[PDB]
2 protein chains.
Amino acid sequence: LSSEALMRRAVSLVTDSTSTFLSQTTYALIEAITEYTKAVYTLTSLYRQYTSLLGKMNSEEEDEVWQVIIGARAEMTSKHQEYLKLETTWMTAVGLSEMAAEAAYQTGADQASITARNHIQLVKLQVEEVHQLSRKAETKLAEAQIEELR
Amino acid sequence: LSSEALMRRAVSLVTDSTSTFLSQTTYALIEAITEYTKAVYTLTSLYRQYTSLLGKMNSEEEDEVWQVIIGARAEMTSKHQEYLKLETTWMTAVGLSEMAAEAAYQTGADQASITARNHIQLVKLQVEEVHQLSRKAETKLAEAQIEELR
């Protein structure tokens, strides 16, 4: 409508495009964290299966375990690096959501504001719990690798 | 626990807001179809006056209608400056709707997938139907031209 309303509509177009991009990036981040956690869980499950089949160690399965340990060191460094980069990308996505919320609050949407606040608190609890679980998973993996000496 | 109740009251607020929004958009769609028909008829009526009534009146009215053509062309460009953003906002709406359909198919929410598919279909039908009224008027103008020429 007016000049301020025209600016609102232009920033609405821009923020809708960047929110399409932000939804894509956030869904990709959620799927990547899911793959993170499920790969860690699958590696731990395979290790638990190998420990449950103890006593009948053979050359084939022990060589497989050696490969798993080498790939587990590589996975440790890769998991640390990708945890750093995923945290950085989540911070970038949070900043994008922050500017989108600034545009929406300058627009005047209040139902969207309260829905976003409820979503923010719920996902804050959820991501805190899931990230604590993940970090504990790699902490336990590192501790087990360290105590493998004895 | 289950976040079903959280989703329930979130979408209850969302559905109240979108019911108010649906009534408001019914009113705004009445307004928009009225404005779009008025703009298309203004364009075609100025074209009709440009083509049909030259030379019948005297010289002073000839100069008057020429200055009217110039000024009305400038004012029509100024007024039509708003319609260029409509195409781009429909482009981003179609892209976002296709993304929503794909994301809901991926997540598996049948109700959300149906909602997004019908969302893209309905916005397509609405914009294509206002544009269809416009292009029906344009086709009538072209038919009147080809019948008037021959």
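Calculation criteria
Residues numbered from 1 in each chain as written, not as in the entry; some residues may be left out. Chains lettered and ligands numbered in written order. Part of a larger assembly, values for the part shown. Heavy atoms only, no water. Axes fitted to C-alpha atoms, helices over the stretch in contact; angles between N-to-C directions. Helix = DSSP H or I, 4+ residues; strand = E, 2+ residues; numbered from the N terminus. Parallel < 35°, antiparallel > 145°, perpendicular 65-115°, else oblique. Left-handed = near helix turned anticlockwise from the far one by under 90°. Nonpolar A, V, L, I, M, F, W, Y, C, P; charged D, E, K, R; others polar. Expected span 1.5 Å × (residues − 1). Buried < 20%, exposed > 50% of the residue type's maximum accessible area, 1.4 Å probe, protein only. Patch = residues over 30% accessible without salt bridge, like charges linked within 9 Å, V, L, I, M, F, W, Y side chains within 5 Å. Areas by Shrake-Rupley, 256 points an atom, 1.4 Å probe, with all protein chains shown as cover. Salt bridge = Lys/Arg side-chain N within 4 Å of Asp/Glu carboxyl O.

The record lists cryo-EM as the method behind this PDB entry and 3 Å as its resolution.

### Regarding the packing of helix α1 (residues 3-52) of chain A against helix α2 (residues 59-107) of chain A
Residues and elements named next belong to chain A. Running from N to C, α1 and α2 cross one another at 160°; their axes reach a closest spacing of 8 Å. Considering their axes alone, α1 and α2 lie roughly antiparallel with respect to each other. Here the hand of the crossing between α1 and α2 comes out left-handed. Per-class residue counts for the contact of α1 with α2 are 18 nonpolar, 8 polar and 6 charged.

### Some details on helix α3 (residues 83-107) of chain B
The α-helix advances 3.6 residues per turn, and as a result positions three or four apart in sequence lie on the same side. Residue and element names in this part refer to chain B. Between the first and last C-alpha of α3 there are 36 Å, a value that for 25 residues agrees with the 36 Å anticipated at 1.5 Å per step. Every buried residue of α3 is listed here: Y83, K85, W90, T92, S97, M99, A101, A103 and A104. Remark: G108 follows α3 within two positions and exhibits a positive phi of approximately 100°.

### Quick notes on a nonpolar patch on the surface
Residues and elements named next belong to chain B. On the surface, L29, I30, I33 and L133 cluster together to form a nonpolar patch covering roughly 290 Å² of accessible area. Examining the composition of the nonpolar patch, we find that 3 residues originate from one element, helix α1 (residues 4-52), more than from any other. Note that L133 resides in helix α4 (residues 110-149).

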